[PDB]
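K.L.:
mind folding the following:
(chains A and B, ligands or ions: 4)
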Amino acid sequence: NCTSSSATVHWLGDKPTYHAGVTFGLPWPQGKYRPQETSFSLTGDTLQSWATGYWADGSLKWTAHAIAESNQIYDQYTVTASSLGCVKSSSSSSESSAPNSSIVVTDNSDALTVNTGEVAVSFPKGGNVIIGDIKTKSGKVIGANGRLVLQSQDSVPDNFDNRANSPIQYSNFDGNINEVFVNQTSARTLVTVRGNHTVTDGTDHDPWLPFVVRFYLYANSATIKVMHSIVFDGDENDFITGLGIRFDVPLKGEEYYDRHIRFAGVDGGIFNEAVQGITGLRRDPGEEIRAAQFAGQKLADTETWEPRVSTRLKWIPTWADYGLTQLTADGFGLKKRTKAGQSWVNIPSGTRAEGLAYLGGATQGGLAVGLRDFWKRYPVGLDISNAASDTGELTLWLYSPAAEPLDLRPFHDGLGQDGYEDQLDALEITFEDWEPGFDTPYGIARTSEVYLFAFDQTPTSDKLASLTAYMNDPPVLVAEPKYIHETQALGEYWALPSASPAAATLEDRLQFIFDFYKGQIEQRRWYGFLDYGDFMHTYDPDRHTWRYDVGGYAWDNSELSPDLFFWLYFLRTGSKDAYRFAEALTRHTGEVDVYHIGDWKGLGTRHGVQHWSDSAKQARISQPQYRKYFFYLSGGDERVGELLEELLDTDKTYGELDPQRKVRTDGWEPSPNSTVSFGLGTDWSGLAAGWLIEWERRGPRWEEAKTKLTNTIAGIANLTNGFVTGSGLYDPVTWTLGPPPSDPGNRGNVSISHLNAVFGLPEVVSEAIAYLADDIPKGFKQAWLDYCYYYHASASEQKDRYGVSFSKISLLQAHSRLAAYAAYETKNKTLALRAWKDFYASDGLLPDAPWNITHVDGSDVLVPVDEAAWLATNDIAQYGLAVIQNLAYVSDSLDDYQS
Amino acid sequence: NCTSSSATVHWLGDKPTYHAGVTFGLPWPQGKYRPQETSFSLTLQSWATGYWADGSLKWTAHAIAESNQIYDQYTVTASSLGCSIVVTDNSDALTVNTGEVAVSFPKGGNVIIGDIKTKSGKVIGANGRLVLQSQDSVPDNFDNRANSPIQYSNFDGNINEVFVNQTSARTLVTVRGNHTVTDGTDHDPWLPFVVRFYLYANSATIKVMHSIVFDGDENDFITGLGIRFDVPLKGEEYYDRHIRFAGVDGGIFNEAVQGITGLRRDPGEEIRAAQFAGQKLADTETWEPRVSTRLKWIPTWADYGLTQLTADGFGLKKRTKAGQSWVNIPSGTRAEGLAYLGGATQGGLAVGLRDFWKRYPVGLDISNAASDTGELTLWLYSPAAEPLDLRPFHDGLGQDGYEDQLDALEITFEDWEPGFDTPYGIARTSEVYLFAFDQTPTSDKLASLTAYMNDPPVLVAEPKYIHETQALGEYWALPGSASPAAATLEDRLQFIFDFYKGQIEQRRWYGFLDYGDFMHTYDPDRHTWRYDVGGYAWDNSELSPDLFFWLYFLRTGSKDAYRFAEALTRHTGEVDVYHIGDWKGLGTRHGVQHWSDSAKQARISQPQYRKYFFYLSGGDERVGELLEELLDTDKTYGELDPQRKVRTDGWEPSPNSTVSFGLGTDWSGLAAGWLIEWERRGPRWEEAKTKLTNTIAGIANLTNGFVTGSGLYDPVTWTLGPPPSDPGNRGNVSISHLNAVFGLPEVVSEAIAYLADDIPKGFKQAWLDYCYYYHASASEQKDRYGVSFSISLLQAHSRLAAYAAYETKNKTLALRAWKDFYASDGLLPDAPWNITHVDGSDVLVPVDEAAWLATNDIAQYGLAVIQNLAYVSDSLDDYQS
Ligand SMILES: C[C@@H]1O[C@@H](O)[C@H](O[C@H]2O[C@H](C(=O)O)[C@H](O[C@@H]3O[C@@H](C)[C@H](O)[C@@H](O)[C@H]3O[C@H]3OC(C(=O)O)=C[C@H](O)[C@H]3O)[C@H](O)[C@H]2O)[C@H](O)[C@H]1O
Ligand SMILES: C[C@@H]1O[C@@H](O)[C@H](O[C@H]2O[C@H](C(=O)O)[C@H](O[C@@H]3O[C@@H](C)[C@H](O)[C@@H](O[C@H]4OC(C(=O)O)=C[C@H](O)[C@H]4O)[C@H]3O)[C@H](O)[C@H]2O)[C@H](O)[C@H]1O
Ligand SMILES: [Ca+2]
Ligand SMILES: [Ca+2]
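P.N.:
Numbers count the residues shown, from 1 in each chain, chains lettered A, B, ... in the order given. Ligands and ions are numbered 1, 2, ... in the order given. The protein structure is shown below:
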């Protein structure tokens, strides 16, 4: 007999005018549905399912779902879930369905084809071509020989004058395929292609700059979503200069006046030309034949037009190449030329190109290609080539050659810092912890969301403007905030927006903080091929910039869990903008700010002037927990899935590198075949986050990840001082966690750090406590409750319990949330009030702060800005978390405190 | 016995907050003041710029020194007979000294300013040098760079001649040369230059008119063009060395090598706020010692680069030193194009380029600020850009011989030919400024100076007085509207002026060579000017818009008008015209490129187009040079035939053997050029007057006169007789609608008035006839003449009928002039007369438009309004039936 429950999914924003199939996630109550013994139906007012994560007990926690492209787009989609008991007490009779369209593949020795019903595309299993051909339903080829291009240079000149005496040696590469994979379903098929960049033209090289590219194809869709990621493994002499994706468009049978070129301009504008310019000649071929060219239709046979024009094609020139380049965030240049050899002709251009180009004909068809958030990921470009020839070229430049080349070398020389002592003394003035050869981008990554669109004939510009919009704002379905909370499938430590007017203005300040930071991206132009998605760490109130050039006060690189603030803000609110902002952050931080290959695979790089400048390579930047929310909302984004998997090697890095090497007083140092020393707060919050997630996903290494998390949780519980213990040692063969170097025989150590609880520890711990349920090692929960309570007890209370008082605690507003927890967990209203007091009257932001922005115009600044010189990013992140977590755990004591 | 009058001069826009000396012109009525014996007092530097025929003063020029006292009006009194900068000259270099600044210019070498010095004797800048970089080839596309290695060559402007007009308030310093190689492909000297330095008494700002003629191959691709200076800054502590960049809309960027703001430790709110203000920071002893030690770990920012490679977006970047990466700097849209380098104690320099972001691609660099001497470059063309591709935009399309060329003309509207797609001999004048400071100034001063150069102030005469003097035309009068029909004409001129002024911004008519011009005709299907079909693209003065705009300013005094007209005349005079070689004096005709079209002609180069901007401004010395250049326009008619290819004869040109001129299409421009050199009394005036006054007399004795087609000009005797296919007179009658639209009625109108009683024969009739007869009845085109004409631009030629009507006193004609204006071709009173906005997927960027008009229409519509109102507004009331 039956268990069945429904859960509704809404468009992130407005009901979109078009979508090309979407994937969403739903959560489910702990203990309610067994996998593969639960079916899922869909009501849209008037469904392809799979599990992404499971509960402790093995029931479904998070699933993911996929709907085909449709012209029916509903205000809401409701997903019912019936168990097997439902269909197995029947004597009623379903009709059996049959979708109007449904994907079919052909797996092959040579290639692999995927037929959506509107296109068929081929995926070579080897070679230097990712997509062999893209076919309409007609059977005709619309684009083909899709390939990844990369150019480099060997050197870069000191300054412009120096070009004369320094020679740049250029070299070209082809994306070489090495594996192809498939996740086939009726509704959507993921094609994952992994490989390398290998040489073809210019100087010889090792194969390098790896890539994985994911092609997403939905039933009934000529749209193909492309998630292109590369790990960077260049060295001192590897300057990327172009990075791109190129397709051949046929055009062979096509009268030039019937071949059309389009680019997206600004605010949903389209550029509309053909290879041969019949509009605005001296002589007219007729209202209707001009009107039809502009509209991308096939023109009548030449014997129908006033022959003063028809007898004179030959003299009307023929435009082979077009070029859109976006090298700043504010202006794009656009040009064309007749053929390779002539000067180009400047076309009237504009500000911020929406980043799509189409190339085809009214008969031969064509494809279009584009990059989501195009101008925000400058320097980018869109190229057409050989449009007057037999086979045309259409290319998306992810990094335009027209730009200055990608320069990832260290921004300074070391400033003469010799040894650890100087390194730490640099940190006291610039807030940077430098080390020679740590200022490196070796192993960082970047993903880009690229769309391809196939066309039978030239589409209308209104259809082009639409797809261009589509791409830049890809429709997203998301579960209800209320329901995501009920399930408890994404943490206990947040809840929806109370009655207290104090609670009310706390929400208003979260919206202030958010509105500011969103506004501050545009105003400070936090855009760029690698930069976009991140923001900075502290303001310079004298200069009125953010501190882009002062060591650690520049790029924020997930310092004090801004990720958590913004994702928890989304979970509560359901705001589009909250998501869109957190999406962009998780895409940067997850990819740029963590090392994916190397001896540091697992670590991420602390805030710096570059995103890899600082020597602090630590787990608290890579921190899986920061990705956890977006993995599940989104329906297991398979890239972010890979990124969480990567991180399951973090623990190994403590054999290589100690983050305390410079400050550790107990002269420890790691050796091979020995126990390694990580932190019990910041370091372990990352390890344990990653181990929880693999356990939850039931991945290849789940039994392992489960084991490590339980052993380490018992270890901390068996330590003596628990988390107040500084930070023990860990055996990589036995996976157990023992006391630190200076306490061999649990006669407890004390090391306190204000950082230990602001990089996901509360979140990870609660989740883990919940997961292990009864199986939890005895006294872990107490050890954690201790840490929570004692942090901001009296100094006597601390001395009494721990020997010494906690002399270096700060971030009290930040830590207010640890009270709010232990308050809830112990049903102690005096400890609840500790939260509200430490939040309302200690450090961070404070209720009587300005809580407004000032405008700064005129000669003090390059360009007009708004500023709030009174807040820093560390302030807004931990404030935000405190607001959400204190309201979560102790709403009921807030009015009590106020009164 | 005394004759004294007065004449008042006004700022162009609002009263300026600040100027740096100003030169301005004043016209004077005919036969009023004798040169060398008429004194001038303000409430004053003076000199003659044009003279009347009887030698009396026609246009003067005047300079006032830089002054903190700045007044609303300035009044100059002229007085008949009846009633301070210091230059030194060592045997090496000349130095001008204004009171504030002292600049030394070498007489030779690859350095053009030696050093700049503040009254205190302190060197703030040094080694002013013209920079250039070229490359030999450009890749076809971006994949082509590993299989086509590119060889760069570096040059720097060698000096050849150095002239000095010195006076008390003002001191011009004119330095000619070309770019002599240093490192790179052993290249011959090329790219000749004229740089004019204006230095006024009192100022420490310098006006710098940098002119340059392109004289290079299909292989000479300019990557970078700069003006470069060394800032000393030796014993200035790092934290006391400042950097600025003007950004957007009165903004200024403000750092220093070695940041003391933004740090973990705070030295002291006073200290920080000094660095931001650009002041010498207090002793290290007064600092907080956690900041004052540790200075060795705070990095030093040597290099700074601001590129503006589009019209809407600039970048900004910094580098500790070369070898390390750059760090991106919060940037924005449209840099106003100044930069400062210098120090609190050591002082320093600031360079800037007027209209910086409009003349893209441009950069401003600062280098070696961590060193003992720092570089400060203004790049006039940015090495960051693609390298200036002056080649032809097509390979001819399979066109072989005149048959094809002319046939293509019937579809794409361009007259092609091989070898004529060449920019050899075009020029371009960039207006630069330099600013010398004893100490890093207030960044509110840098803002006001960046405002200074992007809108340098202008002192111009009263329109009522310029009309009264008759120094520029009698063919224009002030709006003073008395009918309802008049004011709607005035409104329409204002409609036209706005629409055009906006189209520059909307259609992005911006760029190194592009900025100043507009386009010819619109494409109503695409919603775009015809930027890619032959002669429908760049308008290169066709049908005399230069002549409409500069007239509109004369009448109004609108600052906008002046500025629009200015930037045009700064383009058409320089980039469309040829300055060296065989075609020197001919302008290329309207095309996709400014030099694409094979029809190189005199109608474009027409000196009348620059006449007004020359005299207003007080004889701009670069425009003065150009007006001379055009005196060798006639030399080109034994070198090229504008009527070849359209010629059914066997004829072919050689020098010193007679040629045919269209009396409007060719003569109007020569007459104009000659009448100017005469007016000015230049190195060739006597020549010019004889050539002009001959060719005038020549016409009056052609039996039919202007009604005869072309003339027969003898380069040896400088005379003009009847054309081939009519020797011995008897009579020729050949009419083209193109004659009266390219200057004719303004040159004839001015020459007649300039000559008075020395006017030959009945030239005045020979003119009057063509005016009356151009659109009389075909029956009256027998009664006189005997061969009924074959009529083409009637609204435009309405001006000519109006001229005759005033000169005759003939209201029959005046009413016909109005009936052609309102009821013939051209625009038409019932026309749409509004703009339509266009957006969505129909265009790239949203835009306004009127496809019911084109640039031909508006120019001749505009001239027609102004001239029919001036001559025959009386008849407008009476007309309205
Ligand atoms: C192990 C490793 O060691 C260093 O590489 C580095 O530690 C330094 O940076 C820390 C960090 O990045 O968070 C940290 O900083 C404090 O906390 C942050 C939030 C503040 O921005 C800092 O001002 C700093 O504050 C303390 O210092 C000050 C101050 O004004 O300087 C005032 C407060 O009262 C103090 O709490 C460490 O303290 C630094 O050693 C790595 O982070 C670390 O993991
Ligand atoms: C003689 C010499 O040779 C040619 O290379 C070229 O002539 C051609 O271009 C002219 C030009 O201005 O560029 C003229 O076009 C002339 O007048 C302008 C105002 C008009 O656009 C034309 O109107 C001709 O236009 C048409 C038409 O094509 O439908 C009909 C009208 O009645 C005409 O006014 C245009 O003729 C020449 O006519 C043209 O042959 C050089 O410019 C020329 O000096
Ligand atoms: Ca970052
Ligand atoms: Ca031009």
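
K.L.:
how close does the one residue in the stretch 51-200 of chain A that gets nearest to ligand 4 get to ligand 2?
P.N.:
Going by CB to the ion, ligand 4 is nearest to residue A:160 of the stretch 51-200 of chain A, at 28.8 Å. C-beta coordinates here come from the backbone N, C-alpha and C atoms, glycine included. Remark: distance between residue A:160 and ligand 2 (CB to the nearest ligand atom, to the nearest Å) = 41 Å.

K.L.:
now do that residue: how many residues are near it, please.
P.N.:
23 (other CB atoms under 10 Å in any protein chain shown).

K.L.:
do the same with residue A:400
P.N.:
By other CB under 10 Å, the burial measure for residue A:400, its neighbour count, is 24.

K.L.:
surely it meets residue A:327?
P.N.:
Yes: contact criterion CB atoms under 8 Å: residue A:400 and residue A:327 qualify, at 6.4 Å.

K.L.:
next, show the common contact partners of these two.
P.N.:
Taking CB atoms under 8 Å, 6 or more residues apart in numbering or on different chains as the contact rule, residue A:400 and residue A:327 both touch residue A:379.

K.L.:
so what's the residue of the stretch 51-200 of chain A closest to ligand 4 up against?
P.N.:
Residue A:160 touches B:133, B:223, B:224, B:365, B:383, B:384, counting by CB under 8 Å, 6+ apart.

K.L.:
could you rerun that using 10 Å?
P.N.:
B:131, B:133, B:152, B:154, B:223-224, B:226, B:305, B:363, B:365, B:367, B:377, B:379, B:382-384 (CB atoms under 10 Å, 6 or more residues apart in numbering or on different chains).

K.L.:
same check on residue A:63?
P.N.:
Here residue A:63 is in contact with A:7, A:24-28, A:33, A:35, A:38, A:40, A:49-54, A:79, A:81, A:632, A:635-636 (CB under 10 Å, 6+ apart).

K.L.:
now do residue A:638
P.N.:
Residues in contact with residue A:638 (CB under 10 Å, 6+ apart) are A:23, A:52, A:64, A:183, A:190, A:192, A:212, A:214, A:216, A:227, A:631.

K.L.:
most neighbours, which of those?
P.N.:
That'd be residue A:631 among these, by other CB under 10 Å, with 26 neighbours.

K.L.:
any idea which helix or strand carries that residue?
P.N.:
Here residue A:631, judged by DSSP states H and E, is contained in helix A:628-632.

K.L.:
and that helix, how far from the chain's centre?
P.N.:
When C-alpha coordinates are averaged (CA atoms, centre = their mean, to the nearest Å), helix A:628-632 and its chain have centres 11 Å apart.

K.L.:
what sits closest to residue A:781 if chain neighbours are left out?
P.N.:
Distances taken as CB to CB, 6 or more residues apart in numbering or on different chains put residue A:769 closest to residue A:781, at 6.0 Å, once the chain neighbours are dropped.

K.L.:
the one you found: neighbour count?
P.N.:
For residue A:769, the neighbour count with other CB under 10 Å is 16.

K.L.:
which strands and helices sit next to the helix or strand harbouring it?
P.N.:
Per DSSP H and E: residue A:769 is located in helix A:761-772. Helices and strands touching helix A:761-772, by 3 or more CB pairs under 10 Å, 6 or more residues apart in numbering or on different chains; DSSP states H and E, are helix A:562-573, helix A:628-632, helix A:682-697, helix A:702-717, helix A:780-790, helix A:812-826, helix A:873-890.

K.L.:
who touches the residue of the stretch 651-800 of chain A found nearest ligand 4 in this structure?
P.N.:
Nearest residue of the stretch 651-800 of chain A to ligand 4, counting by CB to the ion: residue A:759, 62.3 Å away. Listed by CB under 10 Å, 6+ apart, the contact set of residue A:759 reads A:558-561, A:563-564, A:618-621, A:623, A:625-626, A:679, A:681-683, A:685-686, A:689.

K.L.:
ok, now with 8 Å
P.N.:
Residues in contact with residue A:759 (CB under 8 Å, 6+ apart) are A:560, A:561, A:620, A:623, A:681, A:682, A:685, A:686.

K.L.:
again with residue A:427
P.N.:
A:433, A:434, A:551, A:552, B:264.

K.L.:
isn't the residue nearest to residue A:781 up against residue A:785?
P.N.:
No: if you go by CB under 8 Å, residue A:769 and residue A:785 don't touch, sitting 10.3 Å apart.

K.L.:
so which of the contacts of residue A:63 reach ligand 2?
P.N.:
Among the contacts of residue A:63, no residue sits close to ligand 2 (CB under 6 Å from any ligand atom).

K.L.:
once you drop chain neighbours, what's closest to the residue nearest to the spatial centre of chain A?
P.N.:
Compute the mean C-alpha point of chain A, and by CA atoms, centre = their mean the closest residue is residue A:587, 1.6 Å away. Nearest residue to residue A:587, sequence neighbours excluded (CB to CB, 6+ apart): residue A:533, at 5.2 Å.

K.L.:
residue contacts, the residue of chain A at minimum distance from ligand 4?
P.N.:
Per CB to the ion, residue A:346 is where chain A lies closest to ligand 4, at 13.2 Å. By CB under 8 Å, 6+ apart, the contact list for residue A:346 reads A:333, A:334, A:335, B:511, B:514, B:531.

K.L.:
so which of the residues you listed comes closest to ligand 1?
P.N.:
residue A:333 (40.8 Å; CB to the nearest ligand atom).

K.L.:
what are the contacting residues of the helix or strand hosting the closest one?
P.N.:
For residue A:333, the element it lies in under DSSP H and E is strand A:332-337. Strand A:332-337 is contacted from outside by A:263, A:271, A:319-327, A:343-353, A:375, B:309-310, B:312-313, B:393, B:532, B:844, using CB under 8 Å, 6+ apart.
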